[PDB]
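First, one chain by itself in C-alpha cells, the form deposited in one PDB entry.
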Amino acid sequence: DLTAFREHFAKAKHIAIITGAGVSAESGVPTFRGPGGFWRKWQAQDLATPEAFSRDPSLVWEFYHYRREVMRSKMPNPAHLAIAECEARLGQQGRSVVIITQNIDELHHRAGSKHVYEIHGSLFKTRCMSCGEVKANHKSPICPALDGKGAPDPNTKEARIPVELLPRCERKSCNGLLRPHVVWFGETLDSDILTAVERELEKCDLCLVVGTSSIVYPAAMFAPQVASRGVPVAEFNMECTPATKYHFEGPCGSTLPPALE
C-alpha cells in the first residue's frame, strides 16, 4: 500500500536509497550481463577483471571507451530525477537523503543528486596503476588513440593499441598506465566507502531499494542491519513477489516519482 508507505515517507528524517542495475537499464544503458549482454564476443564477466586488463589492456580499454561513449546519448530517467529532486526538497527541510549505488554510469549525478556513494566506482574516473591517483575524466575520446574505437560488433577488428598510447597519468614525473576506477570481479569494495555507508544505514529511518532486490547483493550486505532496527524497507523493482516491508512492482521510472512526490 502506497498510502502506508507515504505515511512513513512524510515522517522520515533520513532516507537511504540503494540503487542497482534496474534503474540504469531503464535509461537504455547496457549491463552486458545475461542473454544478449554481449559486446563483441565477450560478456562483462570476461572483461571486468584485472586478469583481462593485465593480458589485454587495449581490449579492456576499447570496451570501457565504448561504454563511456554510449553514455552521451543515454539520459537520466524519471526515477533518477525524482530521487534528485526529493533530496533537494528534503534537504531544505533539514531531512537527509543519501544514495548508495551499484551503478557506474554517473546518471544519478547527471540527475542532480549530491549525496551519492558509488560503491563500484565510476566509468568517468580513472585510477593510475603507478601512483594510485584517482581523477575525474569525461573526455571524448579519453585519449586520441582510442578515437573511433570500441565497436561492439562481433567481427570488429581489435585496435591493438600499444600500451604506451593508452590513457596515461599526467603527473609529469609519473606517466603510469591509467585504468578505469571501477571495481572489477575479484576485487574488494573500498573499505572507507563501506564504513561511510554503514554509518548512513545505521542512522537512516527509512530505506528504499530501487532497481535491485534486498535479498541479493549489494543490498544484502546492509539491508538486514536496517530491518533489524525496525526500519521500514521499500523495494521498487520489476521483480515479482508471490502472495507474501513494501514492494512496488514495475519500472522505477513509473513507480518512484509517485511514491517520492
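Each residue number is its position in the shown sequence, starting from 1. We call the rigid core the largest set of C-alpha positions that still match within 1.5 Å between the two forms.
Heads up, the form deposited in another entry isn't pictured, but that's what we're talking about next.
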Requested in this report: Align both forms on the core first, then report whether residue 195 has a C-alpha shift of 2 Å or more between the shown form and the other one.
Outcome: no
Report task. Answer yes if the Cα of residue 218 shifts by 2 angstroms or more between the shown form and the other one on a rigid-core superposition, and no otherwise. Result -> yes
Requested in this report: Answer yes if the CA of residue 58 moves 2 Å or more between the shown form and the other one after aligning the rigid core, and no otherwise.
Outcome: no
Report task. Could you tell me whether residue 219 and residue 53 have their C-alpha atoms closer or farther apart in the other entry than in the shown form, knowing the shift is 3 angstroms or more? Result -> closer
Query raised in the report: Quick one: residue 213 and residue 15 C-alpha atoms, closer or farther in the other entry compared with this form (3 angstroms or more)?
Result: farther
